[PDB]
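Before any comments, here is the structure.
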Amino acid sequence: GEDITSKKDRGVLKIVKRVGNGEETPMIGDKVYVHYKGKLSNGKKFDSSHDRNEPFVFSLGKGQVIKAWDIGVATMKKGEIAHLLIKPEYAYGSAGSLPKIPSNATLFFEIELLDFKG
Ligand SMILES: COc1ccc(CC[C@H]2OC(=O)[C@@H]3CCCCN3C(=O)[C@@H](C3CCCCC3)c3cc(OC)c(c(OC)c3)OCCCOc3cccc2c3)cc1OC
């Protein structure tokens, strides 16, 4: 995957899994609508927006979600599906989030950017 971090620390690696139809990337503060699939890189735990058939909605760059999402979704076009490989620094770090996330877990997400508004 491509390193999309400012630090170039390989903390968020991006693979485009479907090229988007839109020209626009969302701006900081935009309300973004996504579908997603998330797991621990060793696949012990799984979560999807599809489990609830409900798009996941958040304000881009607010720190409402893990750093990897604010960084990753900021690079995406409407209709784009991205795979993100996320090192602990950009997820739950050395603290983790037990019981769901252990310390220094690598996460994997598929994110589909549906739409966004200013
Ligand atoms: C700035 O840094 C942070 C910001 C927010 C948080 C809180 C967790 C936050 O979840 C997330 O950001 C990511 C990406 C969005 C979708 C859910 N997220 C998860 O990691 C899942 C995770 C579940 C295990 C398998 C891997 C994926 C994931 C899913 C969960 O439920 C389905 C979950 C959860 O808690 C850790 C994690 O528990 C219930 C909480 C739900 O709802 C939300 C709602 C908004 C945000 C989240 C979860 C931690 C941060 O750093 C450690």
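Numbering starts fresh at 1 for the residues of each chain in the structure tokens, the chains themselves are lettered A, B, ... in the order given, and ligands are numbered from 1 as they appear.
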Please, which residues have at least one atom within 9 Å of an atom of ligand 1, using only C-alpha atoms and all ligand atoms, listed as a PDB file with C-alpha atoms, in the first residue's frame?
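Everything below was put into pocket.pdb:
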ATOM      1  CA  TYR A  36     -16.994   0.153   6.217  1.00  0.00           C
ATOM      2  CA  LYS A  37     -15.645  -3.250   7.260  1.00  0.00           C
ATOM      3  CA  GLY A  38     -13.067  -3.307  10.095  1.00  0.00           C
ATOM      4  CA  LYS A  39     -11.013  -6.101  11.680  1.00  0.00           C
ATOM      5  CA  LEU A  40      -7.835  -6.727  13.701  1.00  0.00           C
ATOM      6  CA  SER A  41      -5.100  -7.640  11.100  1.00  0.00           C
ATOM      7  CA  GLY A  43      -8.963 -11.287  12.280  1.00  0.00           C
ATOM      8  CA  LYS A  44      -9.912 -11.975  15.981  1.00  0.00           C
ATOM      9  CA  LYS A  45     -12.669  -9.246  15.854  1.00  0.00           C
ATOM     10  CA  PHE A  46     -14.868  -7.818  13.049  1.00  0.00           C
ATOM     11  CA  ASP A  47     -17.328  -4.900  12.663  1.00  0.00           C
ATOM     12  CA  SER A  48     -19.235  -3.520   9.616  1.00  0.00           C
ATOM     13  CA  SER A  49     -21.761  -0.689   8.947  1.00  0.00           C
ATOM     14  CA  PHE A  56     -21.517   5.558   9.345  1.00  0.00           C
ATOM     15  CA  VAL A  57     -21.570   9.419   9.526  1.00  0.00           C
ATOM     16  CA  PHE A  58     -18.838  11.620  11.103  1.00  0.00           C
ATOM     17  CA  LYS A  62     -12.686  16.296  14.377  1.00  0.00           C
ATOM     18  CA  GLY A  63     -10.953  13.287  16.055  1.00  0.00           C
ATOM     19  CA  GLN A  64     -14.448  11.668  16.338  1.00  0.00           C
ATOM     20  CA  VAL A  65     -12.778   8.511  14.895  1.00  0.00           C
ATOM     21  CA  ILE A  66      -9.254   7.001  15.013  1.00  0.00           C
ATOM     22  CA  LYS A  67      -6.523   9.128  13.346  1.00  0.00           C
ATOM     23  CA  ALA A  68      -6.218   6.652  10.404  1.00  0.00           C
ATOM     24  CA  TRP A  69      -9.866   7.436   9.387  1.00  0.00           C
ATOM     25  CA  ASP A  70      -9.385  11.269   9.469  1.00  0.00           C
ATOM     26  CA  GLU A  89      -0.092   4.940  16.453  1.00  0.00           C
ATOM     27  CA  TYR A  90      -3.076   5.716  14.107  1.00  0.00           C
ATOM     28  CA  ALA A  91      -5.588   3.461  15.977  1.00  0.00           C
ATOM     29  CA  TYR A  92      -5.602   2.363  19.685  1.00  0.00           C
ATOM     30  CA  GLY A  93      -1.818   2.645  20.305  1.00  0.00           C
ATOM     31  CA  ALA A  95      -2.939   1.501  25.498  1.00  0.00           C
ATOM     32  CA  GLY A  96      -5.309  -0.522  23.279  1.00  0.00           C
ATOM     33  CA  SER A  97      -9.064  -0.528  24.078  1.00  0.00           C
ATOM     34  CA  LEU A  98      -9.787  -3.794  25.931  1.00  0.00           C
ATOM     35  CA  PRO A  99     -11.821  -5.810  25.753  1.00  0.00           C
ATOM     36  CA  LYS A 100     -12.306  -5.093  21.966  1.00  0.00           C
ATOM     37  CA  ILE A 101      -8.767  -3.993  20.902  1.00  0.00           C
ATOM     38  CA  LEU A 107      -6.169  -2.724  12.125  1.00  0.00           C
ATOM     39  CA  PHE A 108      -7.514  -3.302   8.613  1.00  0.00           C
ATOM     40  CA  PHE A 109     -10.484  -1.359   7.176  1.00  0.00           C
TER      41      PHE A 109
END
*Which of chain A counts as strand (DSSP E or B) under DSSP, as a ChimeraX atom specification please?*
/A:2-3,12-18,31-40,46-48,56-59,81-86,97,101,107-117
*Smallest atom-to-atom distance to residue 84 of chain A: which of A:111, A:19, A:61, A:29, using only C-alpha atoms?*
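Of A:111, A:19, A:61, A:29, the one nearest residue 84 of chain A, counting only C-alpha atoms, is A:111.
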*Could you tell me, as a ChimeraX atom specification, which residues of segment 52-104 of chain A DSSP assigns to alpha helix (DSSP H) when given the backbone?*
/A:67-73
*7 Å contact set for residue 4 of chain A, only C-alpha atoms, chain neighbours under 6 positions out, as a PyMOL selection string*: chain A and resi 12-14
*Mind pulling up the distance from atom CA of residue 55 of chain A to atom CA of residue 34 of chain A?*
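That distance, rounded to one decimal, is 5.5 Å.
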